[PDB]
Amino acid sequence: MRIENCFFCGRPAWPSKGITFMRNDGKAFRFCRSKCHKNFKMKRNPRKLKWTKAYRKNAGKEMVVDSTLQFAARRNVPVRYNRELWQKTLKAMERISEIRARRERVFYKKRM
Amino acid sequence: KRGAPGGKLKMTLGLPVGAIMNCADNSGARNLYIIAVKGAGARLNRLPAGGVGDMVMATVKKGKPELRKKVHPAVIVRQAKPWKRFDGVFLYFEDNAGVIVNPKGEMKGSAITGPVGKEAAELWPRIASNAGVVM
Amino acid sequence: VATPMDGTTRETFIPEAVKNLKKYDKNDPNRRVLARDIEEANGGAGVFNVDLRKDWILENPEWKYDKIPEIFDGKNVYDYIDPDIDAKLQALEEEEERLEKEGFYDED
Amino acid sequence: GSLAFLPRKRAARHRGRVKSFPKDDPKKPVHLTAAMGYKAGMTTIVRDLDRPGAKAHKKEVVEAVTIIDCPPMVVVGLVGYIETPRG
Amino acid sequence: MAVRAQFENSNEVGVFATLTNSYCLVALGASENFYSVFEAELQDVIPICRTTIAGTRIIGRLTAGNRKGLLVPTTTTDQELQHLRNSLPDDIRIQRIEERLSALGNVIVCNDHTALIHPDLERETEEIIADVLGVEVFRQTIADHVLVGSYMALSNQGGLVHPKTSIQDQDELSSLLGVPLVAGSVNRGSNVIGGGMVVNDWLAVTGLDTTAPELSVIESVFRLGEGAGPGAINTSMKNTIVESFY
Amino acid sequence: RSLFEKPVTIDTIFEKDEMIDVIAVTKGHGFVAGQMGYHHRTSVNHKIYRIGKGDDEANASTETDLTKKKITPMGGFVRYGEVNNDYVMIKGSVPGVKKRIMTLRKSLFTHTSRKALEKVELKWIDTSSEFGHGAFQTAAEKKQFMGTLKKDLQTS
RNA sequence: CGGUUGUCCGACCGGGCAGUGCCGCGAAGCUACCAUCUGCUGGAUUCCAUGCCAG
Ligand SMILES: [Zn+2]
């Protein structure tokens, strides 16, 4: 199963949660709650509503740089099984969750 | 065998009897007029609402003069009413669209324009053949 | 009837394996295992559960029969599987000591 | 409404009698037949379907379940029932 | 060596399956009889894998590929993406691509050397089908129809093209492909061949509705059997073709 | 006799993937030809999916996700609270309202069904905020996303 | 929660107001053939068991 990123609301939506809209040209949108659903349905610009996450991506309140963000990317080629590969990935994630959390703290200290 | 699909459980039906939904293939039609839904139940005072991917008796009201006022079976390939897909996906199209298909499964034109519904290309195999975009 | 102006043909990748197998004849007693002899011995079309775990090919035979991780703490491990993710990981702590050697975690 | 449930009347007891038990045979192992729980709430489930004949094989059914809390059951008493021509 | 097979009620085997040289890919279903058939004509010499692509049973039109590579769209999931890689050997590369034209089995048709693409594909997309599939790509419509996969099935020994193509069109297509081509119909005169037919380097599987003369041209054009038909069989049996297709 | 004054658990009596009939008194349609609601009703043929523990603290996780978590959602179960004890989890719409007695009884028919003998294997439990449209599993992953509130920084 | 109003009391702080001014998002509650779950059990030649409902 896959976590879909909400296009407008920026929420990490899950299966059985949210709504989906496709247009005839063939670009895909997944929505989290019904509020952002009617936001794109009312032609609201996501770069005009202040609570959208991608607004704060351009606003500079949220990070754009450093390799942990480059770690956040969608893979393309699958990889065969190896049990050690999961634990060396899985125990990295408690490190990944730790380093992202302390980067949140120091950057907000930098803001204020 | 009667013109009833086998393999479609149910989605949220949103196209009832007396609905105008625009054509999708290159037969020459602009819109199709829904007049009867095949395989629907027999309930009093209930309009037979046709779901997407289901055969519907149809008539061309507006189109080219060659096939104007020609009545023939068709299947719905797109619907704009929200419906529940099997993987937890509530989803819908921009409009309500369909393609003119014979009772056996053959279709009059050559190519289907626009996207094609997931279950419509599943329960009809050669619809997926004629679909350039199906998701 | 088609005929190219150049009149060239490429090389056909016909293997010697499939060249010398035996044809399919239904009256053959000494038969292959057959998914029809599998389906009927274990039930009907709606009885026997078809086994994916018997069909994979792997280097080490007991990677089989093992459940896989899909989601971990709300971030897709499948979107975060990388070859040499060890190699990036000690690369990921190479900054980590100079972050604390510089030490921007102190309170002023 | 169904005739098997009308006329409509409120439950005279809040807990509700079980009214029927499974038939007993000596050949089975000893086990109990029921338990009480508390209706806590209800959530959403995705599941890998493995039902033969189902077009949703090896795929993700989305289903809704209920969460019934069950505290450990303290046993206080025992009762025995003897059989009589009046029941 | 072309055998007749029925999935459920429809004879379009190319819609439900992708059969290539190094692998044969069929669809999951209640009746595993094309798992039976695809091991019957392939006695455990290539990997026989059944799959579901993007939650769909229609894998022959949602997946393009050759012996060198395999292509899947965005709509698949990583459970299905891991499904393709591990059931396949280490010698095959499988790539997942971003595109608007999700039905890759209709807009991409390829063999072990060449490829053809729907004419409105974005520039970054031919360069990833080139370096994974190991083949080169042309750009040419089929009788003003842009679904190259569904309207034509490709093999290195032959190819069946859409019947109403012009003589000048099929000649230059056979010139730019370098393949002996024939304009003919299958599935009792159906206009869709690639959806209706799937063929690999040493066999073809057809529908029971298909008749003997169109079995014979597929026998002759794809150089099946003992290799006795190079296309001169079609010229020798032209009278049978003329009488059947008049 | 051996049962006297000891706590017995749902593991002792019940088990997993078991077809189950369930007994309740239904919802009262009160405060707007007669009574409509709060009736005795024994719902039969429901499927047990899982048995929880409470003390394991990783109850709402399966083999797919290593997220050590409980079945309670954000805000707790609304109008009930935060479950800390053993729980069962049944597929369907089991009758009754929250905070109600809930009697489960073994299937009456001894003839089993393949829908009963079928096994059942989790992927996730939706524990998002059922008070509204929540979109997180746990609070540990919540503050990983939202960053620092100004009230969180002033408090800290 | 955010935004937006006008009437009259000459005017106005303010009142009488629009018999609760309006418009976006959202909660609860009601709900939905507009959503989801369960639907049983046999025998005899209508009746017996069996389940459910009432007691
Ligand atoms: Zn609203």
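As a reminder, the structure under discussion sits directly above these lines.
Residues numbered from 1 in each chain as written, not as in the entry; some residues may be left out. Chains lettered and ligands numbered in written order. Part of a larger assembly, values for the part shown. Heavy atoms only, no water.

Peer 1: Looking at this model, I keep getting lost on the overall build of chain B. Mind explaining?
Peer 2: If you tally the helices and strands in chain B, you get two helices and nine strands. Taking 2.2 N^0.38 as the reference for a compact globule, 135 residues should give roughly 14 Å; the C-alpha atoms of chain B span a radius of gyration of 14 Å, in line with that estimate. Out of the 135 residues in chain B, the part that is buried amounts to 51%. Summarising the internal contacts of chain B: among those between residues at least 6 apart in sequence, 53% fall at separations of at least 24. As presented, chain B carries roughly 6,400 Å² of accessible surface, and 56% of it is formed by carbon and sulfur atoms. Computed over 22 positive and 9 negative side-chain charges, the inter-centroid distance for chain B is 8 Å. (Helix = DSSP H or I, 4+ residues; strand = E, 2+ residues; numbered from the N terminus. Rg over C-alpha atoms; globule rule 2.2 N^0.38 Å. Buried < 20%, exposed > 50% of the residue type's maximum accessible area, 1.4 Å probe, protein only. Contact = heavy atoms within 4.5 Å. Areas by Shrake-Rupley, 256 points an atom, 1.4 Å probe, with all protein chains shown as cover. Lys, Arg positive; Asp, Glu negative; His and termini not counted. Charge placed at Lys NZ, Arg CZ, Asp CG, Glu CD.)

Peer 1: Where do I start with the sheet that holds strand β4 (residues 48–51) of chain E in this structure?
Peer 2: Consider a sheet: its strands pair through backbone hydrogen bonds, and that pairing is either parallel or antiparallel. Residues and elements named next belong to chain E. The strand order across the open sheet built from three strands is β2-β3-β4, with neighbouring strands paired in mixed fashion. Each end of this open sheet is capped by a strand with a single partner; those strands are β2 (18–19) and β4. Inspection of the sheet shows strand β3 (residues 24–27) paired to β4 by four bridges, in the parallel sense. Each residue of the ladder has a partner; that of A27, found in β4, is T51. Along the sheet, helix α3 (residues 78–87) makes contact with β3 and β4, crossing β4 at roughly 175°. (Pairing = 2+ DSSP bridges. Axes fitted to C-alpha atoms, helices over the stretch in contact; angles between N-to-C directions.)

Peer 1: Help me out: how do you make sense of the interface of chain F and chain D in this one?
Peer 2: Interfaces are often sized by the amount of accessible area the parts lose when they come together. With 57 residues of chain F at the interface, the matching set in chain D holds 54 residues. Here chain F and chain D share an interface that buries about 5,200 Å² over both sides, 59% of which is from carbon and sulfur atoms. Area buried by chain F at its contact with chain D is led by F:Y38, F:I101 and F:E118, which between them contribute 12% of it. Taken together, the links from chain F to chain D amount to three salt bridges. Between F:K91 and D:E63 there is a salt bridge, and its shortest N-O distance comes to 3.8 Å. At the surface where chain F touches chain D, the tally comes to 23 residue pairs in polar contact. Elements that contribute at least two residues to the side of chain F that touches chain D include exactly β1 (7–8), α1 (10–13), β2 (19–25), β3 (40–51), β4 (87–91), β5 (101–106), α2 (114–117) and β6 (122–126) of chain F. Across the side of chain F that touches chain D, the residue classes tally to 30 nonpolar, ten polar and 17 charged. Pairing between strand β2 (residues 60–69) of chain D and β4(F): five bridges, direction antiparallel. Note that in β4(F) the partner of D:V65 across the bridge is F:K91. (Buried area = accessible area lost by both parts, 1.4 Å probe. Salt bridge = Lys/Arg side-chain N within 4 Å of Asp/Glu carboxyl O. Polar contact = N/O pair within 3.5 Å; in protein donor to acceptor, adjacent residues only side chain to side chain. Nonpolar A, V, L, I, M, F, W, Y, C, P; charged D, E, K, R; others polar.)

Geometric descriptors of this kind do not, in isolation, establish any biological role.
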